[PDB]
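Right, one structure below, let's go through it.
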Amino acid sequence: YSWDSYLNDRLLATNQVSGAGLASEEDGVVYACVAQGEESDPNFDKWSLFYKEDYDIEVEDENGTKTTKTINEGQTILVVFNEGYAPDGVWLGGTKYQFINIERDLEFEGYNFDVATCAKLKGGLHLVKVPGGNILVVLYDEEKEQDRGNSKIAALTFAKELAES
Amino acid sequence: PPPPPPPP
Ligand SMILES: [Mg+2]
Numbered sequence: 005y006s007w008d009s010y011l012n013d014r015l016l017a018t019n020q021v022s023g024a025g026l027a028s029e030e031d032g033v034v035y036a037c038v039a040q041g042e043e044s045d046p047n048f049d050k051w052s053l054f055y056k057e058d059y060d061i062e063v064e065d066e067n068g069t070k071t072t073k074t075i076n077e078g079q080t081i082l083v084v085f086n087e088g089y090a091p092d093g094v095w096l097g098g099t100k101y102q103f104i105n106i107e108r109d110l111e112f113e114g115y116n117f118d119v120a121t122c123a124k125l126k127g128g129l130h131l132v133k134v135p136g137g138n139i140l141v142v143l144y145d146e147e148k149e150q151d152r153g154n155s156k157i158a159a160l161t162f163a164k165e166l167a168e169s
Numbered sequence: 000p001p002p003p004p005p006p007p
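If you read the protein sequences in the order shown, they are chains A and P. Heads up, the first sequence is in the deposited numbering, so the first residue is 5 and it goes up one at a time. Heads up, the second sequence is in the deposited numbering, so the first residue is 0 and it goes up one at a time.
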């Protein structure tokens, strides 16, 4: 019995999300995760969706100036909650997401949550600050007929469940 | 250290 069991039974089971993880608000790094897939399938790699140790990317600005940036993925989650913007976007598992929206103290059936949403090609993610100094990360994949709104409700339901514990 | 999962 672990966080995996809990994430799987309470959230992955909804079929509304392609993956879900929990990160500490201390560093924004995912410490537990689950993903849709046929474990095992020798070859599913849930962690590649949720984690990548620091890496440099090359960036070119509109002046054609090329620089190199070190991405710390955890910091890109924290910056959105801490500052209300993402200077470099939100990066998770080596994938860049566009920061689309944040709501603070969004009310969901008697419980209030800070919720951020980010988008990528045919999918996206939600970040929800949840009890016990944690951040929930939920992924959705529009190729799977999951959607932005339904995945958010799934995440919110799970968060409420946590709050209720 | 991660927290313990909630009871089922
Ligand atoms: Mg930038």
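From the three backbone atoms N, C-alpha and C, an ideal C-beta is built for every residue, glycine too.
Of the residues assessed, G137 of chain A falls on the exposed side of the cut-off, its CB having fewer than 16 other CB atoms within 10 angstroms. Counted as a single uninterrupted DSSP element, the beta strand (DSSP E) harbouring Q102 of chain A occupies residues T99 to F112. Within the same chain, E146 and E147 come within 6 Å of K126 of chain A by CB-CB distance, once the 5 residues on both sides are set aside.
For the C-beta of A36 of chain A, the chain P residues within less than 7 Å are, from N- to C-terminus, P1.
Not one heavy atom of ligand 1 lies closer than 8 Å to the C-beta of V83 of chain A. With fewer than 16 neighbouring CB atoms inside 10 Å of its own CB, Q102 of chain A falls in the exposed class.
Per DSSP, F117 of chain A is one residue of the beta strand (DSSP E) stretching across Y115 to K124. A residue is called buried when at least 16 other Cβ atoms come within 10 angstroms of its Cβ; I81 of chain A meets this threshold and is buried.
Distance check between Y55 of chain A and each of A:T99, A:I157 and A:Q150 places A:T99 closest, using alpha-carbon atoms only.
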